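Structure file upload15.tsv with TSV, C-alpha atoms:
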```tsv
chain	number	residue	atom	x	y	z
A	1	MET	CA	114.66	105.23	136.99
A	2	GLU	CA	111.57	106.15	139.00
A	3	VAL	CA	112.41	108.96	141.39
A	4	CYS	CA	110.10	110.03	144.20
A	5	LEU	CA	109.79	112.74	146.75
A	6	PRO	CA	110.27	112.40	150.50
A	7	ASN	CA	108.18	113.03	153.59
A	8	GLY	CA	107.99	115.82	156.12
A	9	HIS	CA	109.74	114.34	159.13
A	10	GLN	CA	113.02	113.78	157.32
A	11	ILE	CA	112.81	117.29	155.98
A	12	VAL	CA	112.61	118.62	159.52
A	13	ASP	CA	115.51	116.32	160.31
A	14	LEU	CA	117.65	117.91	157.61
A	15	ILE	CA	116.57	121.31	158.88
A	16	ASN	CA	117.83	120.43	162.34
A	17	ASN	CA	121.20	119.06	161.23
A	18	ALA	CA	121.57	122.22	159.15
A	19	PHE	CA	121.73	123.86	162.57
A	20	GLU	CA	123.74	120.93	163.80
A	21	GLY	CA	126.49	120.83	161.20
A	22	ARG	CA	126.35	117.07	161.01
A	23	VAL	CA	125.02	116.34	157.51
A	24	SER	CA	126.97	113.98	155.28
A	25	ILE	CA	127.20	115.55	151.81
A	26	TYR	CA	128.95	114.23	148.72
A	27	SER	CA	130.89	116.28	146.17
A	28	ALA	CA	133.27	114.66	143.70
A	29	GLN	CA	135.77	117.47	144.18
A	30	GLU	CA	135.64	116.94	147.94
A	31	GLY	CA	133.89	113.56	147.93
A	32	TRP	CA	132.92	113.58	151.58
A	33	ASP	CA	134.84	116.71	152.58
A	34	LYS	CA	133.13	120.02	153.27
A	35	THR	CA	136.09	122.08	154.51
A	36	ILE	CA	136.14	123.99	151.22
A	37	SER	CA	133.22	125.06	149.05
A	38	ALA	CA	131.80	123.49	145.87
A	39	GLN	CA	128.29	122.80	144.62
A	40	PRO	CA	126.49	119.71	145.97
A	41	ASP	CA	124.93	116.85	144.04
A	42	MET	CA	123.50	114.47	146.65
A	43	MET	CA	122.64	114.86	150.31
A	44	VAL	CA	121.04	112.99	153.18
A	45	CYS	CA	117.64	113.96	154.62
A	46	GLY	CA	116.33	112.28	157.76
A	47	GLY	CA	117.85	108.99	156.67
A	48	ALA	CA	117.38	109.29	152.91
A	49	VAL	CA	119.80	109.79	150.02
A	50	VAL	CA	118.62	112.46	147.58
A	51	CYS	CA	119.86	114.02	144.38
A	52	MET	CA	120.52	117.74	144.71
A	53	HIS	CA	119.49	118.41	141.12
A	54	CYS	CA	116.26	116.46	140.68
A	55	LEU	CA	115.73	116.14	144.43
A	56	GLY	CA	114.43	112.61	143.97
A	57	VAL	CA	114.80	109.77	146.45
A	58	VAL	CA	117.95	108.01	145.26
A	59	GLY	CA	118.68	105.77	148.24
A	60	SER	CA	118.85	105.38	152.00
A	61	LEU	CA	121.00	104.35	154.93
A	62	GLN	CA	121.39	100.56	154.89
A	63	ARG	CA	123.32	100.88	151.62
A	64	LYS	CA	126.02	103.48	151.09
A	65	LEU	CA	126.64	105.06	147.69
A	66	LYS	CA	129.94	106.03	146.11
A	67	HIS	CA	129.03	107.68	142.79
A	68	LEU	CA	125.97	108.79	140.86
A	69	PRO	CA	124.76	106.42	138.15
A	70	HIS	CA	122.81	107.81	135.23
A	71	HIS	CA	119.36	108.42	136.65
A	72	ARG	CA	116.11	110.17	135.77
A	73	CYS	CA	116.61	113.84	136.64
A	74	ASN	CA	115.14	117.24	135.88
A	75	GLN	CA	118.11	119.60	136.47
A	76	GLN	CA	115.74	122.41	137.40
A	77	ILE	CA	117.23	123.12	140.84
A	78	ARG	CA	119.40	126.20	141.29
A	79	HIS	CA	122.09	127.15	143.77
A	80	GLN	CA	120.25	130.09	145.31
A	81	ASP	CA	117.44	127.64	145.90
A	82	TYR	CA	119.68	125.78	148.34
A	83	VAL	CA	122.68	128.05	148.92
A	84	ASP	CA	120.85	129.03	152.10
A	85	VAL	CA	121.35	125.73	153.89
A	86	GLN	CA	125.06	125.14	153.26
A	87	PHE	CA	125.33	128.87	153.87
A	88	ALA	CA	123.89	128.48	157.38
A	89	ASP	CA	126.02	125.45	158.14
A	90	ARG	CA	129.21	127.14	156.96
A	91	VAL	CA	128.20	129.85	159.43
A	92	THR	CA	127.79	127.06	161.96
A	93	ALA	CA	131.31	125.78	161.33
A	94	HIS	CA	132.73	129.27	161.68
A	95	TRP	CA	130.92	130.08	164.89
A	96	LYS	CA	131.55	126.70	166.47
A	97	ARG	CA	135.28	126.93	165.84
A	98	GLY	CA	135.24	130.47	167.18
A	99	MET	CA	133.55	129.64	170.46
A	100	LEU	CA	135.80	126.59	170.65
A	101	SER	CA	139.08	128.49	170.33
A	102	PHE	CA	137.63	130.98	172.79
A	103	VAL	CA	137.17	128.22	175.35
A	104	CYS	CA	140.66	126.94	174.62
A	105	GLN	CA	142.15	130.36	175.29
A	106	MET	CA	140.11	130.76	178.45
A	107	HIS	CA	141.01	127.43	180.01
A	108	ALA	CA	144.61	128.02	178.98
A	109	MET	CA	144.62	131.29	180.91
A	110	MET	CA	142.99	129.49	183.83
A	111	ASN	CA	145.72	126.87	183.46
A	112	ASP	CA	148.20	129.35	184.95
A	113	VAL	CA	146.79	130.17	188.40
A	114	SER	CA	149.07	130.19	191.46
A	115	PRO	CA	147.82	129.73	195.04
A	116	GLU	CA	149.14	132.97	196.53
A	117	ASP	CA	147.28	135.55	194.46
A	118	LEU	CA	144.50	132.97	194.54
A	119	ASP	CA	144.10	133.21	198.30
A	120	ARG	CA	144.66	136.97	198.18
A	121	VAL	CA	141.64	137.39	195.91
A	122	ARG	CA	139.67	134.83	197.93
A	123	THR	CA	140.27	137.10	200.93
A	124	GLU	CA	139.83	140.24	198.83
A	125	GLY	CA	138.12	139.69	195.49
A	126	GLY	CA	138.69	141.84	192.45
A	127	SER	CA	139.95	140.79	189.05
A	128	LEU	CA	141.78	137.55	188.71
A	129	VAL	CA	142.34	136.93	185.00
A	130	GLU	CA	141.85	139.37	182.15
A	131	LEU	CA	142.06	138.82	178.40
A	132	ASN	CA	142.39	141.00	175.31
A	133	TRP	CA	139.57	140.51	172.83
A	134	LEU	CA	141.44	142.17	169.96
A	135	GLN	CA	143.98	139.34	169.93
A	136	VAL	CA	141.23	136.73	169.67
A	137	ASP	CA	141.37	135.20	166.17
A	138	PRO	CA	141.05	138.15	163.77
A	139	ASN	CA	140.96	135.51	161.01
A	140	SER	CA	137.41	134.70	162.03
A	141	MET	CA	134.60	136.32	160.08
A	142	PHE	CA	133.50	137.60	163.49
A	143	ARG	CA	136.90	139.30	163.57
A	144	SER	CA	137.96	139.91	159.95
A	145	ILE	CA	136.48	141.92	157.10
A	146	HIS	CA	138.26	140.47	154.05
A	147	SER	CA	137.02	137.03	155.08
A	148	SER	CA	133.87	135.32	153.85
A	149	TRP	CA	131.66	132.30	154.34
A	150	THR	CA	133.17	130.40	151.40
A	151	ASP	CA	136.58	130.58	153.05
A	152	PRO	CA	137.89	127.02	153.54
A	153	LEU	CA	137.57	125.82	157.11
A	154	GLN	CA	140.02	124.66	159.75
A	155	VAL	CA	140.32	120.99	160.65
A	156	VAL	CA	139.68	119.82	164.23
A	157	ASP	CA	138.42	116.53	165.73
A	158	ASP	CA	136.13	115.55	168.63
A	159	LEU	CA	135.42	119.22	169.16
A	160	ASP	CA	132.46	118.20	171.29
A	161	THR	CA	134.71	116.05	173.46
A	162	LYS	CA	137.32	118.72	174.11
A	163	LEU	CA	134.60	121.34	174.49
A	164	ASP	CA	132.99	119.40	177.29
A	165	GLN	CA	136.34	118.71	178.93
A	166	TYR	CA	137.18	122.38	179.07
A	167	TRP	CA	133.79	123.81	179.95
A	168	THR	CA	133.79	121.17	182.69
A	169	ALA	CA	137.27	121.93	184.00
A	170	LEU	CA	136.95	125.70	183.79
A	171	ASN	CA	133.56	126.08	185.41
A	172	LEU	CA	134.59	123.55	188.05
A	173	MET	CA	137.69	125.57	188.87
A	174	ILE	CA	135.37	128.56	189.16
A	175	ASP	CA	133.00	126.48	191.31
A	176	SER	CA	135.76	125.63	193.76
A	177	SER	CA	136.61	129.34	193.70
A	178	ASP	CA	133.10	130.79	193.27
A	179	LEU	CA	133.94	133.70	190.99
A	180	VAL	CA	131.78	135.92	188.78
A	181	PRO	CA	132.71	137.00	185.24
A	182	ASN	CA	131.08	139.90	183.41
A	183	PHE	CA	130.47	137.88	180.24
A	184	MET	CA	127.91	135.33	181.44
A	185	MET	CA	124.12	135.37	181.30
A	186	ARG	CA	121.28	133.91	183.35
A	187	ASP	CA	118.43	134.78	180.96
A	188	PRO	CA	119.76	135.36	177.43
A	189	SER	CA	116.24	136.22	176.32
A	190	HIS	CA	117.25	139.65	177.57
A	191	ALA	CA	120.26	139.78	175.27
A	192	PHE	CA	118.52	140.75	172.05
A	193	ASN	CA	115.68	142.14	174.14
A	194	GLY	CA	115.68	142.76	177.88
A	195	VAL	CA	119.07	144.35	178.50
A	196	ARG	CA	120.32	147.86	179.15
A	197	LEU	CA	122.79	149.31	176.66
A	198	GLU	CA	125.36	152.04	177.19
A	199	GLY	CA	128.30	153.54	175.39
A	200	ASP	CA	128.89	152.45	171.82
A	201	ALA	CA	126.37	149.71	172.60
A	202	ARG	CA	123.80	152.30	171.52
A	203	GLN	CA	125.01	151.50	168.01
A	204	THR	CA	124.46	147.75	167.81
A	205	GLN	CA	121.36	146.44	166.07
A	206	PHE	CA	119.73	143.02	165.85
A	207	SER	CA	118.81	140.71	162.99
A	208	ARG	CA	118.19	137.65	165.23
A	209	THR	CA	119.01	135.52	162.17
A	210	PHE	CA	121.69	134.08	159.96
A	211	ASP	CA	121.71	136.72	157.27
A	212	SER	CA	124.33	137.82	154.79
A	213	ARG	CA	122.31	141.03	155.10
A	214	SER	CA	124.01	141.76	158.43
A	215	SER	CA	127.63	142.05	159.45
A	216	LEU	CA	128.58	139.55	162.10
A	217	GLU	CA	132.17	140.72	162.42
A	218	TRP	CA	132.01	142.62	165.68
A	219	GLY	CA	133.46	143.24	169.12
A	220	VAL	CA	132.47	141.32	172.23
A	221	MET	CA	129.92	142.69	174.69
A	222	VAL	CA	130.25	142.19	178.45
A	223	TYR	CA	128.90	143.55	181.73
A	224	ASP	CA	130.22	146.43	183.76
A	225	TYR	CA	131.60	144.68	186.82
A	226	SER	CA	134.22	147.35	187.49
A	227	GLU	CA	132.08	149.32	189.93
A	228	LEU	CA	130.84	145.89	191.03
A	229	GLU	CA	134.34	145.18	192.32
A	230	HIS	CA	134.39	148.77	193.58
A	231	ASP	CA	131.17	148.36	195.58
A	232	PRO	CA	132.32	147.88	199.19
A	233	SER	CA	128.80	147.75	200.62
A	234	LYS	CA	128.41	144.63	198.47
A	235	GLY	CA	131.88	143.48	199.34
A	236	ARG	CA	133.77	140.21	199.18
A	237	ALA	CA	131.35	138.58	201.59
A	238	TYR	CA	128.23	139.73	199.75
A	239	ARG	CA	130.02	139.18	196.45
A	240	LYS	CA	130.20	135.49	197.30
A	241	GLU	CA	126.78	135.41	198.94
A	242	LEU	CA	124.61	136.61	196.14
A	243	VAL	CA	126.43	136.90	192.85
A	244	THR	CA	128.04	133.46	192.56
A	245	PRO	CA	126.05	131.39	190.02
A	246	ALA	CA	125.81	128.71	192.68
A	247	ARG	CA	123.03	131.02	193.80
A	248	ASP	CA	121.69	130.76	190.25
A	249	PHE	CA	122.63	127.18	189.40
A	250	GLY	CA	124.03	125.50	192.49
A	251	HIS	CA	127.01	123.24	192.06
A	252	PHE	CA	128.43	122.97	188.59
A	253	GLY	CA	128.25	119.29	189.52
A	254	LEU	CA	124.56	119.90	190.24
A	255	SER	CA	123.50	120.96	186.75
A	256	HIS	CA	119.74	121.43	186.44
A	257	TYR	CA	119.67	124.79	184.65
A	258	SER	CA	121.34	125.70	181.39
A	259	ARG	CA	124.33	128.03	181.55
A	260	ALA	CA	124.60	130.96	179.13
A	261	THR	CA	127.11	133.72	178.46
A	262	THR	CA	126.93	137.18	176.95
A	263	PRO	CA	126.66	137.69	173.17
A	264	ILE	CA	130.19	136.50	172.58
A	265	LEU	CA	130.50	135.75	168.87
A	266	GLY	CA	128.78	138.03	166.40
A	267	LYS	CA	126.53	139.35	169.19
A	268	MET	CA	125.47	135.74	169.81
A	269	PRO	CA	125.20	134.46	173.37
A	270	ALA	CA	125.34	130.68	173.61
A	271	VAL	CA	124.13	128.47	176.46
A	272	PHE	CA	125.39	125.25	177.99
A	273	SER	CA	123.36	122.19	178.88
A	274	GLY	CA	123.70	120.34	182.16
A	275	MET	CA	126.24	117.57	182.65
A	276	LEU	CA	123.94	115.86	185.13
A	277	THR	CA	122.31	114.69	181.92
A	278	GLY	CA	125.63	112.95	181.21
A	279	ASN	CA	127.32	115.90	179.55
A	280	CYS	CA	127.22	119.60	178.76
A	281	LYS	CA	126.84	121.25	175.35
A	282	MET	CA	127.04	124.71	173.83
A	283	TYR	CA	124.17	126.01	171.74
A	284	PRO	CA	123.39	129.34	170.08
A	285	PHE	CA	119.75	130.29	170.48
A	286	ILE	CA	118.08	129.96	167.08
A	287	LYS	CA	114.36	130.41	166.50
A	288	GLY	CA	112.83	127.43	164.75
A	289	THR	CA	110.29	129.66	163.02
A	290	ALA	CA	113.13	131.36	161.18
A	291	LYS	CA	114.31	127.96	159.96
A	292	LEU	CA	110.74	127.50	158.78
A	293	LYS	CA	110.89	130.77	156.84
A	294	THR	CA	113.73	129.21	154.86
A	295	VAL	CA	111.68	126.49	153.20
A	296	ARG	CA	109.08	128.87	151.76
A	297	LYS	CA	110.73	129.53	148.40
A	298	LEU	CA	111.20	125.78	148.17
A	299	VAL	CA	107.48	125.25	148.67
A	300	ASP	CA	106.92	127.58	145.73
A	301	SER	CA	109.49	125.94	143.49
A	302	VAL	CA	108.11	122.46	144.09
A	303	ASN	CA	104.57	123.69	143.54
A	304	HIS	CA	105.94	124.82	140.20
A	305	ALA	CA	107.85	121.65	139.42
A	306	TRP	CA	105.56	118.79	140.38
A	307	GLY	CA	102.04	117.47	140.22
A	308	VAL	CA	99.24	117.52	142.74
A	309	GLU	CA	99.11	113.74	142.96
A	310	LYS	CA	102.69	113.44	144.19
A	311	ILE	CA	102.40	116.23	146.74
A	312	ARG	CA	99.25	114.61	148.08
A	313	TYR	CA	101.31	111.45	148.16
A	314	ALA	CA	104.68	112.97	149.10
A	315	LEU	CA	103.82	115.91	151.35
A	316	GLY	CA	100.27	114.76	151.67
A	317	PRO	CA	97.11	116.63	152.55
A	318	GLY	CA	97.11	120.40	152.25
A	319	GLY	CA	100.18	119.56	150.23
A	320	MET	CA	103.49	120.67	151.60
A	321	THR	CA	101.64	123.91	152.30
A	322	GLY	CA	99.34	122.23	154.79
A	323	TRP	CA	102.45	120.48	156.03
A	324	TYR	CA	104.09	123.91	156.33
A	325	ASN	CA	101.33	125.32	158.45
A	326	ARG	CA	100.71	122.31	160.68
A	327	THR	CA	104.43	122.06	161.34
A	328	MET	CA	104.29	125.80	161.88
A	329	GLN	CA	101.91	125.03	164.72
A	330	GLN	CA	104.19	122.24	165.98
A	331	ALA	CA	107.36	124.38	165.89
A	332	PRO	CA	107.88	125.73	169.42
A	333	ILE	CA	108.35	122.21	170.79
A	334	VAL	CA	109.21	119.83	167.96
A	335	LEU	CA	112.24	122.10	167.42
A	336	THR	CA	113.58	122.04	170.93
A	337	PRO	CA	116.84	120.84	172.43
A	338	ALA	CA	115.96	120.45	176.08
A	339	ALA	CA	118.24	123.29	177.18
A	340	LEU	CA	115.74	125.56	175.42
A	341	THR	CA	113.73	125.23	178.65
A	342	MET	CA	116.55	124.94	181.20
A	343	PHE	CA	116.43	128.64	182.04
A	344	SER	CA	116.91	130.34	185.37
A	345	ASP	CA	114.55	133.08	186.55
A	346	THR	CA	116.09	134.86	189.57
A	347	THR	CA	119.19	137.06	189.51
A	348	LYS	CA	120.41	137.88	193.00
A	349	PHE	CA	122.69	140.78	192.10
A	350	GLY	CA	120.52	142.52	189.51
A	351	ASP	CA	121.48	143.02	185.90
A	352	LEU	CA	119.96	146.33	184.70
A	353	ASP	CA	122.37	147.87	187.19
A	354	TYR	CA	125.17	147.01	184.75
A	355	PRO	CA	125.29	147.78	181.03
A	356	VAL	CA	126.92	145.78	178.28
A	357	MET	CA	129.81	147.15	176.25
A	358	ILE	CA	132.72	145.94	174.15
A	359	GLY	CA	135.70	145.48	176.44
A	360	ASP	CA	138.50	143.09	177.35
A	361	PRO	CA	137.27	139.70	178.60
A	362	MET	CA	138.03	138.76	182.19
A	363	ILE	CA	136.77	136.91	185.25
A	364	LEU	CA	136.71	138.39	188.72
A	365	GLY	CA	135.34	136.96	191.94
```

Do you think you could lay out the structure here as structure tokens?
Amino acid sequence: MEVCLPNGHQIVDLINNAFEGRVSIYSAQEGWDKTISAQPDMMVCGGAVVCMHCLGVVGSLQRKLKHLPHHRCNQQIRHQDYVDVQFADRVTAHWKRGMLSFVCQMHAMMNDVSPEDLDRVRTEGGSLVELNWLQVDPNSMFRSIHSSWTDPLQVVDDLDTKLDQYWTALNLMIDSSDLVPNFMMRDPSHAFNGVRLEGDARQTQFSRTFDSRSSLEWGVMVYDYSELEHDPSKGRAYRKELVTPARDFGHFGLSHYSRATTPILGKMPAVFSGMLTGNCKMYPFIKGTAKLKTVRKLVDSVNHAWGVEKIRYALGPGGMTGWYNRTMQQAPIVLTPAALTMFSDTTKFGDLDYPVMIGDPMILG
């Protein structure tokens, strides 16, 4: 056996899928499965098949593998060296299911509207549908304390498909109706920095990162649209005229800005792409530079494990360190789903007029 070490691009690729929850991993206990936890042995990286315990190039795409033959290994790789990545993706699975079930609940509630009250609100405004956040999946690590990352996951299929269906249907029903909920955002940059806080919101802090060093179990933070409904000088007419995100995005069938909500799960506000690209997609804002910070200990370890020739020949000039820094330059763009630039920049009802606090979810006009 003559194992080798891969190249930068595929590493970035693996980094991305880590925040994409789409990596194919093998584990004889689970084989392909990842619903439950167990140590890994081989993983894919930008199209390559790698050992997880000598981290050598053991294959690629055009040929699948089924089991590990006796190969030339080093067995110097530890769990904490990589626990971070499957850690983050287990987080991904959690949070994706959470936002998913959220959407399911929301469209289900929407799936109950009758025309009479409908027209009454259209003529009047006010609340239409309200939801209790306490009853929203306590089992989630965003909602339970005895739970953990390692907890085996829940099985669903074509989550993307159903997601898009329901985001589509729901926001279209709103579009026809032109309502305004207190849990949506036009510039989520404000969320972790750029918002006004009030009430127990004075007590929330920010890590901006996947970190077991922060509790993500938490309530859900929304606007204060109560007085908004109360405001007669900005009444039903005005309410339609300025606050409807058609002002901020136009038709939901005219998607050219990305659509974000408040920090729903674990203080995380996610955004939606535009279907006029073919389809819409949810994404939690994650800084690529953080993902860079992850690989640092690995740089060290490999410095310690392997020779200068290989790194000049595997991660090239400046070694993987020069790779680190040049990629560190490249980051703000090479790490960018397009929605990361689909932002809106004019709110026509103001936002620092309304604080954010943990209350019961709802949509009003």

For segment 23-40 of chain A, work out the shell of residues within 8 Å, counting all atoms listed in the file and skipping chain neighbours fewer than 2 positions away, then give it as an NGL selection string.
-> :A and (14 or 17-18 or 20-21 or 42-44 or 52 or 79 or 150-155)

With all atoms listed in the file counted and 7 Å as the cut-off, give the residues of segment 248-313 of chain A in contact with segment 318-330 of chain A, each with its shortest interatomic distance in Å and the pair that gives it, as a Markdown table.
```
| residue | atom | partner | partner_atom | distance |
| --- | --- | --- | --- | --- |
| A:299 | CA | A:320 | CA | 6.7 |
| A:311 | CA | A:319 | CA | 5.3 |
| A:312 | CA | A:319 | CA | 5.5 |
```

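Atom CA of residue 274 of chain A is positioned 6.5 Å from atom CA of residue 257 of chain A.
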
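With only C-alpha atoms as the atoms that count, the minimum distance from residue 156 of chain A to the choices A:58, A:93, A:222, A:15 is reached by A:93.
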
Each segment 121-150 of chain A residue no farther than 12 Å from segment 204-220 of chain A, nearest pair in Å, only C-alpha atoms, as JSON lines:
```
{"residue": "A:131", "atom": "CA", "partner": "A:220", "partner_atom": "CA", "distance": 11.7}
{"residue": "A:132", "atom": "CA", "partner": "A:220", "partner_atom": "CA", "distance": 10.4}
{"residue": "A:133", "atom": "CA", "partner": "A:220", "partner_atom": "CA", "distance": 7.2}
{"residue": "A:134", "atom": "CA", "partner": "A:219", "partner_atom": "CA", "distance": 8.1}
{"residue": "A:135", "atom": "CA", "partner": "A:219", "partner_atom": "CA", "distance": 11.2}
{"residue": "A:136", "atom": "CA", "partner": "A:219", "partner_atom": "CA", "distance": 10.2}
{"residue": "A:137", "atom": "CA", "partner": "A:217", "partner_atom": "CA", "distance": 11.4}
{"residue": "A:138", "atom": "CA", "partner": "A:217", "partner_atom": "CA", "distance": 9.3}
{"residue": "A:139", "atom": "CA", "partner": "A:217", "partner_atom": "CA", "distance": 10.3}
{"residue": "A:140", "atom": "CA", "partner": "A:217", "partner_atom": "CA", "distance": 8.0}
{"residue": "A:141", "atom": "CA", "partner": "A:217", "partner_atom": "CA", "distance": 5.5}
{"residue": "A:142", "atom": "CA", "partner": "A:217", "partner_atom": "CA", "distance": 3.6}
{"residue": "A:143", "atom": "CA", "partner": "A:217", "partner_atom": "CA", "distance": 5.1}
{"residue": "A:144", "atom": "CA", "partner": "A:217", "partner_atom": "CA", "distance": 6.3}
{"residue": "A:145", "atom": "CA", "partner": "A:217", "partner_atom": "CA", "distance": 7.0}
{"residue": "A:146", "atom": "CA", "partner": "A:217", "partner_atom": "CA", "distance": 10.4}
{"residue": "A:147", "atom": "CA", "partner": "A:217", "partner_atom": "CA", "distance": 9.5}
{"residue": "A:148", "atom": "CA", "partner": "A:212", "partner_atom": "CA", "distance": 9.9}
{"residue": "A:149", "atom": "CA", "partner": "A:212", "partner_atom": "CA", "distance": 9.2}
```

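Here atom CA of residue 7 of chain A is placed at a distance of 19.5 Å from atom CA of residue 63 of chain A.
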
Identify the residues within 6 Å of coordinate (128.4, 134.3, 181.7) (same frame as the file), considering only C-alpha atoms, and give the answer as a PyMOL selection string.
-> chain A and resi 183-185+260-262

Generate the output file for the selected residues, C-alpha atoms, as an mmCIF file, in the coordinates of the input.
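For reference, part.cif as written:
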```cif
data_model
loop_
_atom_site.group_PDB
_atom_site.id
_atom_site.type_symbol
_atom_site.label_atom_id
_atom_site.label_comp_id
_atom_site.auth_asym_id
_atom_site.auth_seq_id
_atom_site.Cartn_x
_atom_site.Cartn_y
_atom_site.Cartn_z
ATOM 1 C CA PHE A 183 130.470 137.880 180.240
ATOM 2 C CA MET A 184 127.910 135.330 181.440
ATOM 3 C CA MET A 185 124.120 135.370 181.300
ATOM 4 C CA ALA A 260 124.600 130.960 179.130
ATOM 5 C CA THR A 261 127.110 133.720 178.460
ATOM 6 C CA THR A 262 126.930 137.180 176.950
#
```

Would you list the contacts of segment 98-107 of chain A as number ranges by chain, taking every protein, DNA or RNA residue within 10 Å and counting all atoms listed in the file, but skipping same-chain residues closer than 6 positions in sequence?
-> A: 92, 129-131, 133, 136-137, 139-143, 159-160, 162-171, 173, 264-266, 270, 282, 361-363

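The shortest atom-to-atom distance to residue 284 of chain A, with all atoms listed in the file taken into account, belongs to A:189 out of A:111, A:74, A:86, A:189.
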
Any idea what the distance is between atom CA of residue 301 of chain A and atom CA of residue 76 of chain A?
-> 9.4 Å
